[PDB]
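>>> Chains from the complex, first installment, not repositioned:
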Amino acid sequence: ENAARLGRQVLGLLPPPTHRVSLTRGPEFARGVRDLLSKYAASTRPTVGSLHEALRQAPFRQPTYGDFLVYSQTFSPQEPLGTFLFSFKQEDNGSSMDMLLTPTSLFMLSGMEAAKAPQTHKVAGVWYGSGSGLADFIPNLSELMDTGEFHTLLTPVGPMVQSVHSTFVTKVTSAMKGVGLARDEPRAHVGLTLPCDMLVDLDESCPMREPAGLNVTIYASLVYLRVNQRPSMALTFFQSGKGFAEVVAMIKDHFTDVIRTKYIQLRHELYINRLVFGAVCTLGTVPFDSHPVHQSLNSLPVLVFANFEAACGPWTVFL
Amino acid sequence: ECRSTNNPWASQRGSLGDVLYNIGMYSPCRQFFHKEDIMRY
Amino acid sequence: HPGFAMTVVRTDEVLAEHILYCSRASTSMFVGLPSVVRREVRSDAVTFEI
Amino acid sequence: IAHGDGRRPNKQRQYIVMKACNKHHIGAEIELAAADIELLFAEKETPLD
Amino acid sequence: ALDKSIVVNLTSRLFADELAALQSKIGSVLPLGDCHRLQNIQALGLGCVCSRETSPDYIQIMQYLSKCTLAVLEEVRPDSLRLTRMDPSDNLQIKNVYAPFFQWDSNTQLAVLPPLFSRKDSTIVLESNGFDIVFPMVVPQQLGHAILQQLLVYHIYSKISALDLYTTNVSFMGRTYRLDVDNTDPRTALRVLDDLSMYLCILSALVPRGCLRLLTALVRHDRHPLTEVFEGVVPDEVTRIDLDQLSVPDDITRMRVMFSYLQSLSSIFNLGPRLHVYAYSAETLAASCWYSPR
């Protein structure tokens, strides 16, 4: 049976042969070239049998993933399967150790106000502790934010694929390089899931013209502040398919409110580490003309995309 | 062999071409004085 | 007149024709079976590669 | 050379040397009008003008 | 295999004027608005973001190009304009025309500028279908920064009147070039200029005291090749800052926060996306380049 049936997969799933054409022996050059156009005349016509042989032609589809480790309390016990994933590194405890942060996580790392995010504060309170749920393992929450060093140690990773939740260690396989294939539901990929609290759109206006494409870019940003004279960050996301030179001049128009009150503070004091501002990371290009699908979870309004190729640029400073 | 040298003023141990042509543009006199050019070929 | 004489180097480019000779049976040649790879092919233009 | 008579050679040696091939690259292009491709190979086999 | 493909249908024929303006230009770069096979004529060139009666600028129109994807011409038929776009990883062959003949080489770094030398040079007239097609200009690093270098000079000196040889001529190695500046919309340029007090005022405060002392030792008796820009005259401030004993770990922690903002100048001194020629002929001008979005 194995040689009988299972061959008929691999007797058919092979790529096509790069067709060989004999130069010399002139009675065999014409036998070659005749069987090219009869192979080419299939790929023109829209009839039924002519179609499916134009489908074995396939590009390179192979992105590689990441086998991580998580202290399973630092893992919120559910995830919406398409989160962003950070990887925080200060010092290795054991040989092969890792810690991960979701976009629901980083709200709980400063103890920030509910005015900057009144949506996920009710959400991400049950998912973790009270900000001290990750202060047990890192006593340097302040000094990275004090010296301006938190914005460099985070390595952007990508979306999830599937994670095995266990008693003490949650095993996470993330996604990189492009299209993250899902596991439980085949033929559909990992839908990257961003909340409606954190993605800030860039396009909205009066009717008053912009070019379309296949390229809208999601930006990973970071904005300092100091609430109660305590060091504290702000996870803020974006979505814009409008080049690099515009959005740094547009993120500054978004976060003008921080900078105005900021130099009211340090008008009469000079701390050189308080002068750097933030950084930008690029995570990948959603096809512009697609839909951010408003999906409701635990409330927690979440946008989800489709066919998300992924990349990672360096953290680029801005004011 | 009747004389040992034309001049040591081009053939000193610290010769004037080694004074000049051991160290962008083209260099014609680089071909004799640079000792590593002798070591090239 | 200064007390020294002096030597001068001068380079010179010349484009020159040449004569190449070969002898018998020095190389053994072969024949490959080439492939045909289409690229960038529209209803207008059908371009190949060998 | 054959031996003897005041003639002392440096008798038979055998080189055995493995030599290397040398690859070369030839690239060429062919264009075809797609109209003339279709008429030569039609689903119907009536003759042509 | 994939077939990226753009062909522009037309409703009224090319004229004898715009034939030779376009038959001569068989290879260049022009943008698009929408990615299809077909396209109306009112979306091809630079003429969407710029027009004759609308006062153009030299910033946002260039800044508009980062949104688009940009295409390469193939043919000029009397009906149709045949093009192809740029696949994010694919090689092509492009051969420039441009009447400011500049010399490329193999292994270069090219970008695309909007036309800053002369507009009537670039703005071709389209008597058939009205909508002009303004051509963007394919340009290397050494020119592409130097006119952006030239711009941020001049629009400061546009107010210093309220002259011409000092403030517009592109100091290229060999030639100078007057730009086309009479009636612009310099308010987006006014942003970028006021975006420099965001940096150049603020970079000045954390300048370390150590490297400033080298300037006092420099101009007196230790004159270096390019540094005769000072012309043997100090700035007034150079003796007014060096009062500190040169404490090292102060200046260590000063140069870290300085080192951040040097990468921030990329976000304000951007060009368009980037071209990677590896093989190139000078007598032919044809290249071989893969697409890198920037």
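Sure thing, it's come through. Numbers count the residues shown, from 1 in each chain, chains lettered A, B, ... in the order given.
>>> ok, the closest residue to chain E within chain C - contacts?
Per Cβ to the nearest Cβ, residue C:42 is where chain C lies closest to chain E, at 5.0 Å. (C-beta placed from N, C-alpha, C; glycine too.) By Cβ atoms under 8 Å, 6 or more residues apart in numbering or on different chains, residue C:42 lies in contact with D:34, E:3, E:5, E:7.
>>> and those as TSV, adding secondary structure?
Output for these, formatted as TSV (DSSP: H, G, I helix; E, B strand; the rest coil):
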residue	secondary structure
D:34	helix
E:3	coil
E:5	coil
E:7	strand
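>>> of the residues you listed, list those near chain A.
The subset of the contacts of residue C:42 within reach of chain A, by Cβ under 8 Å from any Cβ of the partner chain, is residue D:34.
>>> Now for the contacts of residue C:42: which two are most distant?
Farthest-apart pair in those is D:34 and E:7; separation 13.6 Å (Cβ to Cβ).
>>> Spell out which parts of chain D neighbour chain C.
D:26-34, D:37.
>>> could I get the residues you listed as TSV with neighbour count?
Conversion of those to TSV gives the following (neighbours: other Cβ atoms under 10 Å in any protein chain shown):
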residue	neighbour count
D:26	7
D:27	6
D:28	8
D:29	9
D:30	11
D:31	9
D:32	16
D:33	10
D:34	15
D:37	15
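>>> Of those residues, which belong to helices?
Those of the residues of chain D next to chain C mapping onto helices are D:34, D:37, per DSSP state H.
>>> Could you dump the residues of chain D next to chain C into TSV and include distance to residue B:35?
Formatted as TSV, the residues of chain D next to chain C follow (distance: Cβ to Cβ, whole Å):
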residue	distance to residue B:35
D:26	44
D:27	45
D:28	49
D:29	51
D:30	56
D:31	57
D:32	62
D:33	65
D:34	66
D:37	67
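>>> and then chain F:
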Amino acid sequence: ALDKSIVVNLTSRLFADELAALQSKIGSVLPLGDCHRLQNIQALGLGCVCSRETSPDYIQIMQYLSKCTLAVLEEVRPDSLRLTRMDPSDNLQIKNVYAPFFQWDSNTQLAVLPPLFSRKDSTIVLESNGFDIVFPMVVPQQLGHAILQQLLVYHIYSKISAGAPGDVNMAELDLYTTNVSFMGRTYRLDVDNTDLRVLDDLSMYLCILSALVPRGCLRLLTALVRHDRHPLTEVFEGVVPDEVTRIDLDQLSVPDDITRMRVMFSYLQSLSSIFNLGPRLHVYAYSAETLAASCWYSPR
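So, slotting chain F in with the rest:
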């Protein structure tokens, strides 16, 4: 549509001692200065530009690395080497030898650098063709692009002491600058007790580049007046120092400025790229004791 195995000609054989030193590493990232594979050895490496004779230069070398295609080795053969050509989004494999060692943390940003070390554990002499093979400095970015951080301040105060030897302490300038502190593992550099001078093309600039930075923002503020003029520049008075706003422009007049201004305009973009244009890789799968990782790269 793939062939990445490039055999590059020597003209003779290697030495005898350089068997195992070239068996000490089997995979590294070398440059490839030729689109074709029918190639000499006198064009692949940094010896097309950087060698003994040329002046010690940084920016053209910084221009060169992203200009030049890379390649990854697989095996050392006595006739020739084996280069696998760099495409965008390319898989490769690293088995390192770098002196000093730099720890390869996975999933960070992993750059390519110009070297500055002692050139005895940094190159291998081939007198078979007159070609010192130059491995590029391959250090992760937070170490790598900030390797210049401690060095630069350590470099500038040696110049003032070269004209006035009563200014700078030596053993105090060492300690904070000789040891790069990241991950908690301290790393010591190579000190160069011969007489650094490669960095003349940065530090001699950066002192001239610190001249008119608090001079350019005098007239820039009061120039282009609207009420549409930017709001944060009123807020940004709280940064600029007190002596900066006390400069008289009696010293330098308006048509005299044009040469002195444009130089300060010139180095505020030419410097901005050479810390950004460090082409760069990432590790997805890493091995520690084996030092045989599987990773990926895109030149940028």
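>>> Can you tell me the element residue 18 falls in?
I went with chain A, as the question did not name one. Under the criterion DSSP states H and E, no helix or strand holds residue A:18.
>>> ok, so what distance separates it from chain F?
Going from residue A:18 to chain F by Cβ to the nearest Cβ, to the nearest Å gives 9 Å.
>>> try residue A:81
On the measure of Cβ to the nearest Cβ, residue A:81 and chain F end up 20 Å apart.
>>> Quickly list what the nearest residue to that residue once chain neighbours are set aside is bridged to.
Excluding its sequence neighbours, the residue lying closest to residue A:81 (Cβ to Cβ, 6 or more residues apart in numbering or on different chains) is residue A:160, at 5.4 Å. As for beta bridges, residue A:160 partners with residue A:174 under DSSP bridges.
>>> how about residue A:160, what does it touch?
Counting by Cβ under 8 Å, 6+ apart, residue A:160 makes contact with A:79, A:81-83, A:85, A:172-175, A:180, A:190.
>>> can I assume residue A:111 is in contact with residue A:232?
Yes. Taking Cβ atoms under 8 Å as the definition, residue A:111 is a contact partner of residue A:232 at 6.7 Å.
>>> Settle it for me: which of the two has more neighbours?
Neighbours per residue (other Cβ atoms under 10 Å in any protein chain shown) separate residue A:111 from residue A:232, with residue A:232 holding more: 20 against 15.
>>> so what's the more buried one up against?
A:110-112, A:145, A:225-226.
>>> try it again with 10 Å
Taking Cβ atoms under 10 Å, 6 or more residues apart in numbering or on different chains, we find residue A:232 in contact with A:109-113, A:116, A:131, A:141-142, A:145, A:224-226.
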